[PDB]
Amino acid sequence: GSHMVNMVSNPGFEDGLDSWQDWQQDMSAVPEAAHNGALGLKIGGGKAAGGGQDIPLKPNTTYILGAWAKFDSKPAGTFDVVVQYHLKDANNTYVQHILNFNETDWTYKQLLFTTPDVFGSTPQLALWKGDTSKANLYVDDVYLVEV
């Protein structure tokens, strides 16, 4: 086949938390969260928490955003995989391309988006476990792929 290149650094958490910002100190790379490889990301339950990474993107370009995720118990809300950035318009409109997960079995989802001609800020890929239940969230194999 033909490779489609993934822009995400340490996308399977195989290098632990390398390259991922940890915003609430609620992240750990652990084998119980692995979908592939030896590790996955666990975001601990009880409060909204997550992390992310800044990823410069090309203008006028289509990307696939995808991930595998599961909660270890039924959540009240969701785990969201997001690409977010400001536009370079009068208001600096903030735009988010969002995948929502609430499943308790490993589930893959993806969306596609096309970037604007100019960016108002550097795109960020955020992994945001907004659910506040005691459910733990596992996520692994994150993709941000051109084409």
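We number the residues from 1 along the sequence you see.
The stretch 20 to 28 shows the higher mean C-alpha B-factor when 20 to 28 is compared against 6 to 14 in the entry. The deposited model assigns a higher average Cα B-factor to 117 to 125 than to the other stretch when 93 to 101 and 117 to 125 are compared. Per the deposited coordinates, the residue with the largest Cα temperature factor out of 112, 69, 48, 43 is 48. The entry lists a Cα temperature factor for residue 55 that places it in the middle third of the chain's modelled residues. In the PDB entry, residue 62 places in the middle third of its chain by CA B-factor. In the PDB entry, residue 87 places in the highest third of its chain by CA B-factor.
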